[PDB]
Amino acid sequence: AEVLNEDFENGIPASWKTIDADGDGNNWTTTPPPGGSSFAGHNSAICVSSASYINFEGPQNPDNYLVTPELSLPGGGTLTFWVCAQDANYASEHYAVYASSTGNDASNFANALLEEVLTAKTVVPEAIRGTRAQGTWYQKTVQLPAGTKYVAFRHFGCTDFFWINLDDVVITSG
């Protein structure tokens, strides 16, 4: 039974929450600057994205969370989602996925269930990035413990690549 299935085609839903932990005003977003329109989604128009580098601005130091609405997983569940680097040639974005059994603030998200740096399969030094191919979309699977109330996706601990993209977040109970 699916308890969450988000394609982002109507943007980040109001039921989800962004946390700008570094405080720069830049978040996970479906309107990445300076274009202000979503990057190409996974077999779809829209995905949600966070920047380590913004064209016409420069390197960023993100600590950005994207948090689900409150979940009921009394016996646990399974998360799947799709992730890619927006620029296949500046691919090395660092992210983690966390579960909380209580609240939905940054301090509630500790002990990553998954933490990785996307694999660079190709590389280029350019001021304007995102000018070639998107990275490959990869599906990830994370098991969620019983009593998980919130899942957070965190883009952090990296700078000076381009953007990380997320799409097609599905959580099933059991």
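The first residue of the shown sequence is 1; numbering continues from there.
> Please count the deposited residues lying between residue 124 and residue 125 that the model leaves without coordinates, and give the class: none, 1 to 3, 4 to 9, or 10 or more.
According to the record, 1 to 3 deposited residues lack coordinates from residue 124 to residue 125.
> Decide which of the stretches 25 to 33 and 53 to 61 has the higher mean C-alpha B-factor, going by the entry.
Per the PDB record, 53 to 61.
> Per the entry, where is the mean C-alpha temperature factor higher: 129 to 137 or 63 to 71?
Stretch with the higher mean C-alpha B-factor: 129 to 137.
> Please work out which residue in 110, 117, 40, 144 has the highest C-alpha B-factor recorded for this crystal structure.
So the option with the highest C-alpha B-factor is 110.
> State the tercile, meaning the lowest, middle or highest third, of residue 89 with respect to the CA B-factors recorded for its chain.
Residue 89: CA B-factor falls in the highest third of its chain.
> By the record's CA B-factor, is residue 9 among the lowest, middle or highest third of residues in the chain?
Middle third of the chain for residue 9's C-alpha B-factor.
> Sorting the chain's modelled residues by C-alpha B-factor, tell me whether residue 78 ends up in the lowest, middle or highest third.
Middle third - that is where residue 78 ends up once the chain's C-alpha B-factors are sorted.
> Would you mind ranking residue 169 by its C-alpha B-factor against the rest of the chain and naming the third, lowest, middle or highest?
Residue 169: CA B-factor falls in the lowest third of its chain.
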